[PDB]
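First, one chain by itself in structure tokens, the form deposited in one PDB entry.
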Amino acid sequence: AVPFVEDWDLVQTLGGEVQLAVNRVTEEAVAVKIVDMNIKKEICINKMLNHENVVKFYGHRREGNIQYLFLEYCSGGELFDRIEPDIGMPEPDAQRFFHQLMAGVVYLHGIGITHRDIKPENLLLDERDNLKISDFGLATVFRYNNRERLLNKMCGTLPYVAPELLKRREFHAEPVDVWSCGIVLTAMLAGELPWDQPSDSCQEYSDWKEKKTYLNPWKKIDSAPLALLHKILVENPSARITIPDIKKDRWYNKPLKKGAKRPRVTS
């Protein structure tokens, strides 16, 4: 209808490659994922998605052997850059980001999708610091026609992967995403990852199973969120807390965080 409304200028590299695109007419900002030929499954999964804590998918264009993915631009950047090394962030900010992460994950599991690579690099923030789950490149459908299929593929990032992925041939999808959410929560509250990987050979992982919480990173975390981490970072995935029970947790429901300060005057 309106000329040049389909034209986007690529103005900067955000993170294949991810570039910030600005509309020539409306000045609307979107993120364009350029993939030089996993991607067929990524587009298919992105077409199913519609939630306030999941990166929006606007559409895709194919120019020969190159795939263009038009995705939500999040001006707040990555959650990763809000974590101060060896410190973390204020507990009320981490609680709010954790609430929004749980809302995103509940939505994905509800439509039978597992992300499989939850980590602060894949959690983006909008202009109002709302968390958005990003990159469905490793995501897969674990429930179809109300039938659950057990996973067996090695996917993810070692410091965030659940121990069953390294020890068992097959495993349920949902406890794997719950575990990575617990590692994200640890990182937000301590500014450090507890272990290189969740194996008996890793001293830090053995110390946690022996409840040595007087050591780092656990010593930096208050007893209320630490009690929640004791229920998430459980080696047996069948005994691990589920998201309905995380929503009933005492720290999860603890009042800590004030709303965004809103302009006010006196007298």
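From 1 onward, residues are counted along the sequence shown.
There is also a form deposited with a small molecule bound; it is not shown, and the following applies to it.
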If you check in the bound PDB entry, is residue 191 within 4.5 Å of the small molecule, heavy atoms only? yes
Determine whether any heavy atom of residue 156 comes within 4.5 Å of a heavy atom of the small molecule in the bound PDB entry, and answer yes or no. no
Can you work out whether residue 121 and the small molecule are in contact in the bound PDB entry, taking contact to mean some heavy atom pair no more than 4.5 Å apart? yes
Within a 4.5 Å heavy atom cut-off, is residue 113 in contact with the small molecule in the bound PDB entry? no
Which one of these stretches, 148-156, 75-83, 164-172, 97-105, sits within 4.5 Å of the small molecule in the bound PDB entry when only heavy atoms are counted? 75-83
Just to be sure I understand the contacts: of 200, 204, 222, 52, which is the one whose heavy atoms reach within 4.5 angstroms of the small molecule in the bound PDB entry? 204
